[PDB]
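Presented below is the structure to which this report refers.
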Amino acid sequence: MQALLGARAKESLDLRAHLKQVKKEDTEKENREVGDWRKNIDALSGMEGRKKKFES
Amino acid sequence: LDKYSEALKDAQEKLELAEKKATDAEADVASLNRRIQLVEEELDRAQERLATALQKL
């Protein structure tokens, strides 16, 4: 009386935690696309002089 | 005349350079204000989204 419902619970937890597991696999093996970037700036710090080109 | 003309080309060049400095400094007052507002807006939004995240929490 104690073994059958145990086995059924094992199967159900297996299927659910296993879909959870296969998707969490994709989450963990690649966590790079969920990252970000520094996005630096040059900002042209030279407001003391101008440029050589004809347009400037 | 040459001294005033030269003192002028120099006051005027220093002026074009000071005006340029101001133009560029102002270009940056503005670029900084744009970044400040973009970041303050992202911050206010982070805080709106935080308040939301906290409400959703």
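In the structure tokens, chains take the letters A, B, ... in the order shown, each chain's residues start at 1, and ligands count up from 1 in the order shown.
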
Taking a cut-off of 9 Å and counting only C-alpha atoms, can you build a table that, for each residue of chain A near chain B, reports the nearest atom pair and how far apart they are in Å (one decimal), sorted by chain then residue number, as a Markdown table?
| residue | atom | partner | partner_atom | distance |
| --- | --- | --- | --- | --- |
| A:43 | CA | B:28 | CA | 7.9 |
| A:44 | CA | B:24 | CA | 8.7 |
| A:45 | CA | B:24 | CA | 8.5 |
| A:46 | CA | B:24 | CA | 7.7 |
| A:47 | CA | B:21 | CA | 4.4 |
| A:48 | CA | B:21 | CA | 4.9 |
| A:49 | CA | B:17 | CA | 6.3 |
| A:50 | CA | B:20 | CA | 7.7 |

- Message: I need the residues of chain A that end up classed as helix (DSSP H, G or I) by DSSP on the backbone, written out as a PyMOL selection string.
- Response: chain A and resi 4-29

Those residues with N, CA and C atoms, as a JSON list (two decimals), in the first residue's frame please?
[["chain", "number", "residue", "atom", "x", "y", "z"],
["A", 4, "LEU", "N", 3.19, 1.76, -4.29],
["A", 4, "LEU", "CA", 2.60, 2.18, -5.56],
["A", 4, "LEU", "C", 2.45, 3.69, -5.66],
["A", 5, "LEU", "N", 1.85, 4.33, -4.66],
["A", 5, "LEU", "CA", 1.72, 5.78, -4.68],
["A", 5, "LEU", "C", 3.08, 6.45, -4.64],
["A", 6, "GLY", "N", 4.05, 5.84, -3.95],
["A", 6, "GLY", "CA", 5.41, 6.35, -4.00],
["A", 6, "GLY", "C", 5.96, 6.37, -5.42],
["A", 7, "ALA", "N", 5.80, 5.26, -6.15],
["A", 7, "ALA", "CA", 6.28, 5.21, -7.52],
["A", 7, "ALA", "C", 5.58, 6.24, -8.40],
["A", 8, "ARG", "N", 4.26, 6.38, -8.24],
["A", 8, "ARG", "CA", 3.53, 7.38, -9.01],
["A", 8, "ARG", "C", 4.05, 8.79, -8.72],
["A", 9, "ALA", "N", 4.31, 9.09, -7.45],
["A", 9, "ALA", "CA", 4.87, 10.40, -7.10],
["A", 9, "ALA", "C", 6.25, 10.59, -7.71],
["A", 10, "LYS", "N", 7.07, 9.54, -7.72],
["A", 10, "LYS", "CA", 8.37, 9.63, -8.37],
["A", 10, "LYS", "C", 8.22, 9.97, -9.85],
["A", 11, "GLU", "N", 7.29, 9.30, -10.55],
["A", 11, "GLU", "CA", 7.11, 9.59, -11.97],
["A", 11, "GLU", "C", 6.64, 11.02, -12.21],
["A", 12, "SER", "N", 5.66, 11.49, -11.42],
["A", 12, "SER", "CA", 5.15, 12.84, -11.61],
["A", 12, "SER", "C", 6.22, 13.89, -11.34],
["A", 13, "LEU", "N", 6.91, 13.77, -10.20],
["A", 13, "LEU", "CA", 7.99, 14.69, -9.89],
["A", 13, "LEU", "C", 9.09, 14.62, -10.94],
["A", 14, "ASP", "N", 9.36, 13.42, -11.47],
["A", 14, "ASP", "CA", 10.36, 13.28, -12.51],
["A", 14, "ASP", "C", 9.98, 14.09, -13.74],
["A", 15, "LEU", "N", 8.75, 13.92, -14.24],
["A", 15, "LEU", "CA", 8.37, 14.65, -15.45],
["A", 15, "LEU", "C", 8.39, 16.16, -15.23],
["A", 16, "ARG", "N", 7.84, 16.63, -14.10],
["A", 16, "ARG", "CA", 7.76, 18.07, -13.91],
["A", 16, "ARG", "C", 9.14, 18.67, -13.66],
["A", 17, "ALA", "N", 9.87, 18.14, -12.67],
["A", 17, "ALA", "CA", 11.21, 18.64, -12.39],
["A", 17, "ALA", "C", 12.14, 18.40, -13.57],
["A", 18, "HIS", "N", 11.77, 17.52, -14.49],
["A", 18, "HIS", "CA", 12.64, 17.23, -15.62],
["A", 18, "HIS", "C", 12.42, 18.21, -16.76],
["A", 19, "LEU", "N", 11.17, 18.62, -16.99],
["A", 19, "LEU", "CA", 10.98, 19.75, -17.89],
["A", 19, "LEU", "C", 11.61, 21.00, -17.31],
["A", 20, "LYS", "N", 11.42, 21.22, -16.00],
["A", 20, "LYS", "CA", 12.15, 22.28, -15.32],
["A", 20, "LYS", "C", 13.65, 22.13, -15.52],
["A", 21, "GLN", "N", 14.14, 20.90, -15.50],
["A", 21, "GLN", "CA", 15.58, 20.66, -15.58],
["A", 21, "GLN", "C", 16.10, 20.92, -16.98],
["A", 22, "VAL", "N", 15.39, 20.48, -18.01],
["A", 22, "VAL", "CA", 15.87, 20.68, -19.37],
["A", 22, "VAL", "C", 15.85, 22.16, -19.72],
["A", 23, "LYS", "N", 14.86, 22.90, -19.21],
["A", 23, "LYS", "CA", 14.89, 24.34, -19.49],
["A", 23, "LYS", "C", 15.94, 25.06, -18.65],
["A", 24, "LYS", "N", 16.10, 24.67, -17.38],
["A", 24, "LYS", "CA", 17.13, 25.28, -16.55],
["A", 24, "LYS", "C", 18.51, 24.96, -17.10],
["A", 25, "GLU", "N", 18.66, 23.84, -17.80],
["A", 25, "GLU", "CA", 19.91, 23.54, -18.47],
["A", 25, "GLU", "C", 20.26, 24.63, -19.47],
["A", 26, "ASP", "N", 19.34, 24.93, -20.38],
["A", 26, "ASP", "CA", 19.57, 26.02, -21.32],
["A", 26, "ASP", "C", 19.84, 27.33, -20.60],
["A", 27, "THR", "N", 19.13, 27.59, -19.50],
["A", 27, "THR", "CA", 19.40, 28.82, -18.75],
["A", 27, "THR", "C", 20.84, 28.86, -18.25],
["A", 28, "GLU", "N", 21.35, 27.75, -17.73],
["A", 28, "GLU", "CA", 22.64, 27.78, -17.04],
["A", 28, "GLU", "C", 23.82, 27.64, -17.99],
["A", 29, "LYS", "N", 23.71, 26.82, -19.03],
["A", 29, "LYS", "CA", 24.86, 26.62, -19.91],
["A", 29, "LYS", "C", 25.19, 27.90, -20.67]]
